[PDB]
Amino acid sequence: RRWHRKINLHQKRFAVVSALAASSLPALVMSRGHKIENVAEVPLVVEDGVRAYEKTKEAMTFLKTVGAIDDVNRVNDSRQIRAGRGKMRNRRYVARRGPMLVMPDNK
Amino acid sequence: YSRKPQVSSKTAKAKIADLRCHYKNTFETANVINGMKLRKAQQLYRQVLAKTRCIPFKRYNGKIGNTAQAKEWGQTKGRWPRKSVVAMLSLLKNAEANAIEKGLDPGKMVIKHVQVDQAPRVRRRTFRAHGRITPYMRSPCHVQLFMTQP
RNA sequence: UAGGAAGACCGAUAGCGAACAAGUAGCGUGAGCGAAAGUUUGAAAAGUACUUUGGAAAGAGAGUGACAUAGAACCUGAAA
RNA sequence: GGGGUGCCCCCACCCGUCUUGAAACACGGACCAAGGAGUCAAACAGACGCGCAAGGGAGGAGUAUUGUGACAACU
RNA sequence: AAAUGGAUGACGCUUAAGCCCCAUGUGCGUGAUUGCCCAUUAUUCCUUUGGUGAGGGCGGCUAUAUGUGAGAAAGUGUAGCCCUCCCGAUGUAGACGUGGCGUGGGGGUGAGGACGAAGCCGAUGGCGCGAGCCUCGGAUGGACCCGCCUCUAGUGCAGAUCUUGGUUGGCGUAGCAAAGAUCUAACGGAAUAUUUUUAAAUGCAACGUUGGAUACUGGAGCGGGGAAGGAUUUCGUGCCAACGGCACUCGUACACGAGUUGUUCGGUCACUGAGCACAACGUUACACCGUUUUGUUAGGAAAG
RNA sequence: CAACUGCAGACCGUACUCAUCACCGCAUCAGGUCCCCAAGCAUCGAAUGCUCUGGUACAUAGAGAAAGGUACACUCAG
RNA sequence: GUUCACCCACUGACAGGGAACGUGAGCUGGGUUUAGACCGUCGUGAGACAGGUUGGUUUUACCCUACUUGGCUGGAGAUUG
RNA sequence: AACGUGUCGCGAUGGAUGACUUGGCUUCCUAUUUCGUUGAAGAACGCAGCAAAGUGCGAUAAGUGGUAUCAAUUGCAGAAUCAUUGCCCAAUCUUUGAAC
Ligand SMILES: [Mg+2]
Ligand SMILES: [Mg+2]
Ligand SMILES: [Mg+2]
Ligand SMILES: [Mg+2]
Ligand SMILES: [Mg+2]
Ligand SMILES: [Mg+2]
Ligand SMILES: [Mg+2]
Ligand SMILES: [Mg+2]
Ligand SMILES: [Mg+2]
Ligand SMILES: [Mg+2]
Ligand SMILES: [Mg+2]
Ligand SMILES: [Mg+2]
Ligand SMILES: [Mg+2]
Ligand SMILES: [Mg+2]
Ligand SMILES: [Mg+2]
Ligand SMILES: [Mg+2]
Ligand SMILES: [Mg+2]
Ligand SMILES: [Mg+2]
Ligand SMILES: [Mg+2]
Ligand SMILES: [Mg+2]
Ligand SMILES: [Mg+2]
Ligand SMILES: [Mg+2]
Ligand code: NA
Ligand code: NA
Ligand code: NA
Ligand code: NA
């Protein structure tokens with residue numbers, strides 16, 4: 001059976017560009033389900049000292065400072081056991097999608 | 001039990017499961033004593049054994065014989081089922097023993113709620129012409145009753 | 001032969017014939033053919049001592065357990 | 001107002017099928033539960049959606065990566 | 001002039017309820033132009049649905065707290081953005097449409113659950129033209145599950161002399177009729193001599209052993225021993241759930257224990273027969289082929 | 001070499017059945033299945049009938065003059 | 001084998017038809033019409049012939065109705081007012 | 001009158017549905033990777049205190065030996081680093097079978 005698909009290279013780059021622009025409008029961000037009431041200046045840009053953190057405690061303080069902890073709490077409270085046969089097939093829990101953090105590399 | 005006694009402190013109950021008697025015969029034998037007294041029901045069973053009276057067959061009468069002794073019950077068909085009468089006599093004796101334990105007087109009890117049901121069947125086989133085999137099945141029954149002192 | 005990794009798959013008439021003492025029980029002189037069946041009671045056997053009727057099987061009480069219409073092919077328990 | 005059971009006056013041939021024509025003295029029809037039949041691949045054509053346009057698009061390979069990593073990015 | 005008794009549809013009708021024609025309300029040689037009954041037809045009114053549809057509003061300043069009020073979306077399609085108006089509506093084979101219904105799973109989003117999830121039940125009603133959806137009750141259950149947007153498929157049953165299970169009238173019916181057959185007393189057994197409402201008319205029927213009686217097989221035997229086949233059916237003690245198409249206290253049934261002893265019997269040791277086919281040789285793409293007792297293997301040096 | 005005497009004599013089978021119930025016919029099925037022994041009287045007799053020995057009362061039974069049946073059961077004037 | 005026909009007799013007379021060419025889970029099975037076999041004619045042959053001849057399984061009712069007998073028992077608002 | 005019919009409450013018969021799943025099916029990867037006359041694969045018979053099948057084993061027969069760990073095994077018995085458990089070097093390995 002035909003399991004995989006081909007997509008034109010230009011169309012794939014068009015889709016990425018459109019999704020990036022959609023993330024810049026707070027009305028579309030709230031409508032998808034994210035909690036951004038305490039954020040300032042969407043799109044949010046933070047300094048580069050973040051890459052030097054070594055402890056998870058430091059990371060959690062940074063998320064609270066910029067107001068991104070509400071979206072993290074939304075994912076935490078939504079964790080639950082999946083309905084149906086899927087829980088027998090190695091996908092037992094479901095959770096929602098939270099914030100993104102984009103980095104210049106894998107460092 | 002399908003039904004509940006009105007006064008539980010003056011009632012004696014008894015039941016038997018998977019009794020090895022024909023269900024259709026026991027259905028008629030047990031049904032006739034509903035509403036009777038305990039002593040009157042025992043007397044009728046003794047006279048049926050002596051073949052002086054008969055048990056009326058009202059629902060499973062099929063094509064069975066006619067007799068003069070069925071006129072007492074207002075019909076024409078009846079029989080004298082030996083195995084079912086003996087089994088029903090044992091059940092009444094157990095119910096009478098239960099009443100003695102509770103302190104009641106067996107001479108005043110009146111029978112209420114006789115019920116006969118079909119039990120799981122038992123399978124045998126018989127041999128027919130041209131190399132065929134057909135079922136030869138047995139039909140047991142469940143019986144339950146109680147009786148109250150007025 | 002030893003290990004590993006998985007799945008937008010099937011879910012006990014499905015998926016291998018076989019989730020079970022299954023290439024077993026059984027069938028055929030033979031070459032060969034070939035099933036049904038979840039022990040899924042309960043968290044724990046705590047699996048009903050004892051009284052009474054009965055030859056026994058069992059019935060009527062008593063008792064364990066949150067539930068015994070959860071009593072042993074014992075979750076739920078449809079239709080004819 | 002809805003629901004259940006009975007009654008009265010009126011109306012009312014047995015379902016599915018082949019066939020010009022079935023209520024048929026045409027065939028299949030005891031009852032219930034669970035199963036049960038236009039799918040996947042490959043070549044071509046037309047309609048409709050999307051990208052680019054005298055150009056469009058690759059494939060195979062390769063470059064960089066326990067990380068949503070058999071994905072995604074790049075040539 | 002014909003074959004079951006029988007058809008103006010039946011009864012019946014003769015100052016017709018028959019045949020051929022003519023009329024019509026209240027008042028038939030004085031009201032000129034509708035005596036009356038019955039349609040999925042015509043006119044008219046209300047509602048739905050679809051259009052080669054036709055028009056209109058949509059730049060919200062009139063004024064207003066509680067103890068005349070709600071809406072208004074620039075729109076194919078929805079609980080249709082709203083208000084007027086016009087025209088069509090049945091249909092086998094067949095084509096197409098639907099912000100049409102329902103089922104298992106993936107990506108998202110939002111909830112529910114031991115103060116009770118799924119499943120199951122219903123004189124539980126409400127909503128929708130409908131496929132269906134939702135609430136209610138359970139004197140049901142005891143651990144998971146759904147709304148919406150999208151992606152995906154082993155996605156919807158009344159019939160195929162359909163497949164697999166279960167249930168069913170017929171039905172306590174058809175039958176259980178070859179081989180002649182049993183009776184009596186005592187004992188055994190829970191299977192009796194069972195009555196509280198004189199004795200018979202209220203515990204029937206049936207089982208084994210022993211004695212007695214009667215009878216059958218009739219030596220080509222329901223006698224006593226073996227082969228083939230079977231493989232513990234043999235024996236003692238116990239036992240009656242299921243099985244011996246009725247019965248059982250009996251049993252080739254079930255349970256627990258026991259039993260088969262050879263220098264001479266049968267077989268091998270230890271013979272040849274109808275025959276078979278190792279070795280050797282030959283053939284075959286390939287031995288899994290052929291020859292191999294008419295005194296006898298092998299182009300053949302087979303004697304230890 | 002003929003007598004006598006002393007010692008030792010290996011292995012496997014061995015129960016039960018062989019049939020109107022132990023085998024083959026889906027079964028305790030009126031079918032089928034090889035061999036040996038074989039009494040008295042009648043009589044030509046291994047025909048057929050009855051009997052001592054041995055063996056069996058096991059094959060669902062009880063009550064009981066309907067029609068119509070089956071029978072290895074009969075009789076009928078002219 | 002017949003339906004039909006034709007003879008012998010009796011008689012008042014020995015008319016003609018229908019009922020799924022009445023009637024096979026009522027019978028019988030002579031005919032017709034499988035497989036065996038013989039003859040004649042036809043065919044190169046296997047075979048053929050509405051030509052002759054002989055031998056050749058006749059299954060099931062216990063259901064509904066109809067009919068024949070046999071019994072039990074309601075009912076006047078034909079079960080109620 | 002009974003039989004028969006219909007509706008509701010309760011009880012039988014039967015084993016569907018739901019929720020569970022140490023099973024199947026499909027795809028991918030890694031090795032000091034491939035049996036036997038030094039008698040294989042298969043086939044038979046045996047072995048436990050109580051042991052029918054299955055599992056393990058072979059008259060050293062639910063196991064002997066080495067190694068790491070340490071207090072269990074369990075239905076009832078019974079014994080008290082040495083068992084059990086995992087792994088593996090040294091051994092035993094009945095009758096057959098290419099079978100010689
Ligand atoms: Mg028979
Ligand atoms: Mg047979
Ligand atoms: Mg299976
Ligand atoms: Mg299978
Ligand atoms: Mg035609
Ligand atoms: Mg039709
Ligand atoms: Mg007709
Ligand atoms: Mg239409
Ligand atoms: Mg699926
Ligand atoms: Mg169905
Ligand atoms: Mg009878
Ligand atoms: Mg004799
Ligand atoms: Mg003999
Ligand atoms: Mg019996
Ligand atoms: Mg013999
Ligand atoms: Mg026999
Ligand atoms: Mg003489
Ligand atoms: Mg003689
Ligand atoms: Mg003789
Ligand atoms: Mg005569
Ligand atoms: Mg006829
Ligand atoms: Mg010629
Ligand atoms: Na579900
Ligand atoms: Na046809
Ligand atoms: Na008329
Ligand atoms: Na020879």
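What you see below is based on every heavy atom in this structure, not just the backbone, and it leaves out hydrogens, waters and symmetry mates. Chain naming here is simple, since letters A, B, ... match the order of the sequence lines and numbering starts at 1 in each.
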Point to revise | Contact list for residues 93-118 of chain B, test ring pair (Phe, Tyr, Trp, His ring centres under 6.0 Å), sequence neighbours left out | key: B:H113-B:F146
Point to revise | Residue pairs passing the ring pair (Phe, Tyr, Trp, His ring centres under 6.0 Å) test where at least one lies in residues 19-78 of chain A, sequence neighbours excluded | key: none
Practice item. Classify the side chain of B:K63 and the base of E:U173 as holding, or not holding, a donor-acceptor pair under 3.5 Å. Key: no
Over all strands shown, is [X] touching base, sugar-phosphate only, or nothing at heavy-atom distances under 4.0 angstrom?
X      : answer
B:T76  : sugar-phosphate
B:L89  : base
A:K87  : sugar-phosphate
B:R53  : nothing
A:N90  : sugar-phosphate
A:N106 : sugar-phosphate
B:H22  : base
B:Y45  : nothing
A:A83  : base
A:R74  : sugar-phosphate
A:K6   : sugar-phosphate

**Study point:** Close approaches to RNA chain D from residues 11-33 of chain A, in residue order (heavy atom, under 4.0 Å)
**Key:** A:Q11, A:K12, A:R13
**Study point:** Position toward the 5' end of RNA chain D (nearest nucleotide), A:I7 or A:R1
**Key:** A:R1
Exercise for review: Please assess B:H22 against B:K83 for the test side chain to side chain contact (heavy atoms under 4.5 Å, CB included), listing each intermediate value before the final yes or no.
Suggested key: CA-CA 9 Å; B:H22 279 179; B:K83 256 182 102 170; over 6 Å; no
Practice item. Evaluate whether atom NZ of B:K102 has more than 12 neighbouring non-hydrogen atoms of other residues, nucleotides or ligands under 6.0 angstrom away. Key: yes
